[PDB]
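Undergrad: Could you work out the structure for the sequence below:
(4 chains, ligands or ions: 1)
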Amino acid sequence: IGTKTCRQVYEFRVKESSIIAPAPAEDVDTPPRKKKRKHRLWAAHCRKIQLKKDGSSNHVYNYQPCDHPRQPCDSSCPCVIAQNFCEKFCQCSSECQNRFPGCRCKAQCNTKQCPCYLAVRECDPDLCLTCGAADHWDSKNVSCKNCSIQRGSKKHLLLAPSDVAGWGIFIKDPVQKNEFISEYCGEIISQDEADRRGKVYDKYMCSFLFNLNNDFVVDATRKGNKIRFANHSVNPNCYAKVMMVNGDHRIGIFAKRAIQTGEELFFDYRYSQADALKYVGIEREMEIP
Amino acid sequence: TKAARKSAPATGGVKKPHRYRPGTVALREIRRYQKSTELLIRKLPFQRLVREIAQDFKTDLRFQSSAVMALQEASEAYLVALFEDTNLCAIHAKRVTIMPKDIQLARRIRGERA
Amino acid sequence: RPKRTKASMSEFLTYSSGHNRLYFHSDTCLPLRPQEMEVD
Amino acid sequence: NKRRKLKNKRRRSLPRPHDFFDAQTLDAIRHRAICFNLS
Ligand SMILES: Nc1ncnc2c1ncn2[C@@H]1O[C@H](CSCC[C@H](N)C(=O)O)[C@@H](O)[C@H]1O
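TA: Numbering: from 1, shown residues only, chains lettered A, B, ... in the order given. Now the structure:
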């Protein structure tokens, strides 16, 4: 502030210090300095959680910021109850034994060996340090193949009336397998409203609903992006896998196999066979012999 | 009354702990010791071990602090050589682990057994 | 290769590439001309 | 594909791809052919 010089402001703070109680100005170092924190214990800690309730592998709880103002990261931690890891936003301390360690793989966070690709975690911009996550975030190209959703770097999809049924989604260029395609973005909505609205769509046969997790659903009728018009196939060239990034579950889409220019996109809805003929009974491919 | 929700398969993998195959730590152990010159038996246990064996040969023995080191080199020097030759008997058995029936063999060949 | 099989009564009871069909404007369901396959 | 069969390997059923011909020109051709047949 240029209105006042430091003198009579320093003196004002002298008056302020005499009026307002002095600030604490306390510094801490924590009893731990280094070591005693091997990431195998984290995996062991993860193993403990995995065998407790993650063995079911069906109850996907969305992340919630847990508050631990004084209590440590005990078994009462909401993420522990929600069979989930704490995040950087969690009120758990910087020593919280649940947070993801990182994505330190040297080549790029994209393959089976890397903890990011095996786990739900899309590699954090601040964690997958070797795969250039934080580096040149403006630059579209990067070593990693598990941060495109972080960057939002989609493909250039095309809209044209699908030969199978109505509208579909085409691609202008070849694309390889096991790599990022445009994300099925949409609207966050709970199960109860999803069935009520779905009941309307079920009456109208529309199914722009997607089972995000057991706790929330994403619907694409009113609001969405282009890929919502992708048609279903039982053996499609492209698949769908929920990913988990930056504290928000999303659903990434990736091609199963190598693709060339102009191929129409399909992915499995993962509905019941009765519902399959009820909704997607068209496949358009016989047996050759 | 549940609407048909388009789902995707969920996964929950985590970092698998890494265990060295047995015996592969050993080769890592051997070379760091064959490149190491320090004593392999804790320094003090002898000063309370020998002051006991010697106690039976005569009473009230006040050792000299350097001499206790002198034994402490020989016991290591005597044992290390014995194990080295022990392996030779073990490998000669086509096995790879030493057994107490090989120390007793390798101690009769040298002639210490009698 | 043409099969050129022998004529017979018992004989009775598409290697496409590139683009084939026109694509529409995703924003507004409008016909998209080929001149803008890239800014689209 | 060495085992590739004939051209009919597309589908078992599909929606109609819409016809290129028109009904009104058929009537004009018919009457054009009618007078053509009269001569
Ligand atoms: N392979 C398929 N065969 C028949 N119906 C399908 C299908 N894939 C998706 N659908 C249906 O299409 C609906 C999505 S709306 C898209 C329909 C069509 N592509 C059009 O644009 O007109 C869903 O409710 C689903 O029931």
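Undergrad: For residue B:82, give me its contacts.
TA: If you count contacts by C-beta atoms under 8 Å, 6 or more residues apart in numbering or on different chains, residue B:82 has them with B:103, B:106, B:107. (Each C-beta comes from the backbone N, C-alpha and C, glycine too.)
Undergrad: For the residue of chain D at minimum distance from chain B, list the residues it contacts.
TA: For chain D, the residue positioned closest to chain B under C-beta to the nearest C-beta is residue D:15, at a distance of 22.3 Å. Contact partners of residue D:15, counting by C-beta under 8 Å, 6+ apart, are residue A:165.
Undergrad: Nearest to residue A:236 among the contacts of residue B:82?
TA: Ranking these by separation from residue A:236, with C-beta to C-beta as the measure, puts residue B:103 on top at 68.2 Å.
Undergrad: Could you verify that that closest one is part of a helix?
TA: Yes. The assignment for residue B:103 is a helix, going by DSSP: H, G, I helix; E, B strand; the rest coil.
Undergrad: For the ligand, what's its nearest residue on chain D.
TA: Minimum separation of chain D from the ligand (C-beta to the nearest ligand atom) falls at residue D:15, amounting to 9.7 Å.
Undergrad: Tell me where the longest helix sits in chain A.
TA: Longest helix of chain A, by residue count under DSSP state H: helix A:191-203.
Undergrad: got it, and chain B?
TA: The helix that spans the most residues within chain B, counting by DSSP H, is helix B:65-92.
Undergrad: List the buried residues in it.
TA: Buried positions in helix B:65-92, judged by neighbour count with 16 or more other C-beta atoms under 10 Å in any protein chain shown: B:68, B:71, B:72, B:85, B:86, B:89, B:90.
Undergrad: from the chain's centre, how far out does it sit?
TA: 12 Å (C-alpha atoms, centre = their mean, to the nearest Å).
Undergrad: Equivalent analysis for stretch A:156-176, please.
TA: Averaged over its C-alpha atoms, stretch A:156-176 has a centre that lies 25 Å from its chain's centre (C-alpha atoms, centre = their mean).
Undergrad: residues near residue A:127, how many?
TA: A count of neighbours around residue A:127, defined by other C-beta atoms under 10 Å in any protein chain shown, yields 20.
Undergrad: same question, residue C:21
TA: Counted with other C-beta under 10 Å, residues neighbouring residue C:21 total 13.
Undergrad: Disregarding residues adjacent in the polypeptide, which is nearest to it?
TA: Leaving aside its sequence neighbours, residue C:21 sits nearest to residue A:160 (C-beta to C-beta, 6 or more residues apart in numbering or on different chains; 5.6 Å).
Undergrad: Identify the bridge partners of that neighbour.
TA: Assessed by DSSP bridges, residue A:160 has beta-bridge partners residue A:168.
Undergrad: I figured it was touching residue C:20, is that so?
TA: No. Shown here, residue A:160 and residue C:20 do not form a contact pair, counting by C-beta atoms under 8 Å, at 9.6 Å.
Undergrad: These two: which has the busier surroundings?
TA: residue A:160 (21 against 11).
Undergrad: Show me what residue of chain D gets nearest to chain A.
TA: Of all residues in chain D, residue D:11 sits closest to chain A, at 4.3 Å by C-beta to the nearest C-beta.
Undergrad: who's in contact with that residue?
TA: The neighbours of residue D:11, taking C-beta under 8 Å, 6+ apart as the test, are A:284, A:285, A:286.
Undergrad: Report how many residues lie close to residue 9.
TA: Chain wasn't specified; assuming chain A. Here the number of neighbours of residue A:9 (other C-beta under 10 Å) works out to 14.
Undergrad: Hmm, no, I was thinking of chain D.
TA: By other C-beta under 10 Å, 12 other residues sit near residue D:9.
Undergrad: In which helix or strand does residue A:45 reside?
TA: Using DSSP states H and E, the element containing residue A:45 is helix A:39-49.
Undergrad: Tell me which residues are up against that helix.
TA: Contacts with helix A:39-49, where a contact means C-beta under 8 Å, 6+ apart, come from A:80, A:83, A:85, A:97, A:98, A:101, B:14, B:15, B:16, B:17, B:18.
Undergrad: Which of these sits closest to chain D?
TA: Compare each of those with chain D using C-beta to the nearest C-beta and the shortest gap goes to residue B:16, at 40.4 Å.
Undergrad: What is the burial count for that closest one?
TA: For residue B:16, using other C-beta under 10 Å, the count is 12.
Undergrad: ditto for the one 10 residues further on
TA: The local packing of residue B:26 (other C-beta under 10 Å) involves 10 other residues.
Undergrad: Which residue, other than its chain neighbours, is closest to the residue of chain C found nearest the ligand?
TA: Going by C-beta to the nearest ligand atom, the ligand is nearest to residue C:29 of chain C, at 10.6 Å. Computed as C-beta to C-beta, 6+ apart, the closest residue to residue C:29 that is not its neighbour in sequence is residue A:159, at 8.0 Å.
Undergrad: Tell me how many other residues crowd that neighbour.
TA: Other residues near residue A:159 number 21, with proximity taken as other C-beta under 10 Å.
Undergrad: excluding its backbone neighbours, what's nearest whichever residue of the stretch 1-150 of chain A sits closest to chain C?
TA: Nearest to chain C, among the residues of the stretch 1-150 of chain A, is residue A:140, at 15.3 Å (C-beta to the nearest C-beta). Spatially, and ignoring its direct neighbours in sequence, residue A:140 is nearest to residue A:153 (5.8 Å; C-beta to C-beta, 6+ apart).
Undergrad: So which residues of the chain form strands?
TA: Picking chain A for this. If DSSP state E is used as the criterion, the strands of chain A fall at A:157-161, A:167-171, A:180-181, A:187-189, A:209-210, A:217-219, A:238-245, A:248-255.
Undergrad: Can you look at chain C instead?
TA: Along chain C, the segments classed as strands by DSSP E run C:24-25, C:30-31.
Undergrad: Tell me which of these is the most buried.
TA: The densest packing among these, expressed as mean neighbour count by mean count of other C-beta atoms under 10 Å in any protein chain shown, is seen in strand C:24-25 with a mean of 14.
Undergrad: do that one and chain A meet at all?
TA: Yes. Remark: strand C:24-25 sits within contact range of chain A at C:24, C:25, by C-beta under 8 Å from any C-beta of the partner chain.
Undergrad: Now do that strand: which elements does it pack against?
TA: strand A:157-161, strand C:30-31 (3 or more C-beta pairs under 8 Å, 6 or more residues apart in numbering or on different chains; DSSP states H and E).
Undergrad: Which of the ones you listed sits closest to residue D:4?
TA: Minimum separation from residue D:4 across these (C-beta to C-beta) falls at strand A:157-161, 26.6 Å.
Undergrad: The closest one near the ligand at all?
TA: No. No part of strand A:157-161 sits near the ligand under the criterion C-beta under 6 Å from any ligand atom; the closest distance found is 7.3 Å.
Undergrad: Please consider this matter closed, and thank you.
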